[PDB]
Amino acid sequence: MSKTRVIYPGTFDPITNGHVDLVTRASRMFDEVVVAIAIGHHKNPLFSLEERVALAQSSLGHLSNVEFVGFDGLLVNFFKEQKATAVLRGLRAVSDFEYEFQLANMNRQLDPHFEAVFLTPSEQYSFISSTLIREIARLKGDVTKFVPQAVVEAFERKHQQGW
């Protein structure tokens, strides 16, 4: 037969309950799921790689078939390196759908073995993005409903260093 491996790439800055839903769902359909955190040298995350991985491990580590790894560079090279079956993305909105369709096609031209599968969020996570969460935290709003508890605490230990 064979054994399947999907990469879920993102900045996860921070992880949200949305991402958690998607990884859980994906872990039911594939043998190995790789949560791949883009380091993002030229992109300026709020949380470091180390915080980002830690918060991820903290929310999804209870799934036996999920790994966590930082990467930079070209997704397709990461894809080959990781001997992956497919990439997983979530599609929240029309712009997501437009972007990811283009990207899939581009990656298939860079690597004929490339593959993208997509999941749609349940309605209770449809409105959640990392960006929105950062903005709400920044303005001292309460993000508890939308993110795992560790992430709440992480926001505080930044508001506590000052932010």
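Sequential numbering from 1, following the sequence displayed. Heads up, when I say rigid core I mean the largest set of C-alphas that superpose within 1.5 Å between the two forms.
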*Please work out whether 68 to 76 or 88 to 96 has the higher root mean square C-alpha deviation in 4 other deposited structures of this protein relative to the shown form, with the rigid core as fitting region?*
88 to 96
_Which segment is farther from the shown form on average in 4 other deposited structures of this protein after a rigid core fit, 120 to 128 or 31 to 39, going by CA atoms?_
120 to 128
*Between 38 to 46 and 112 to 120, point out the one with the higher average CA B-factor as the PDB entry records it.*
38 to 46
_Please say which third, lowest, middle or highest, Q149 falls into when its CA temperature factor is compared across its chain._
highest
*In terms of the chain's CA B-factor thirds, is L60 lowest, middle or highest?*
highest
*Could you look up the Cα B-factor of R134 in the entry and say which third of the chain it sits in: lowest, middle or highest?*
lowest
*Tell me, lowest, middle or highest third: where does the Cα B factor of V33 rank within its chain?*
middle
*Sorting the chain's CA B-factors, does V6 end up in the lowest, middle or highest third?*
middle
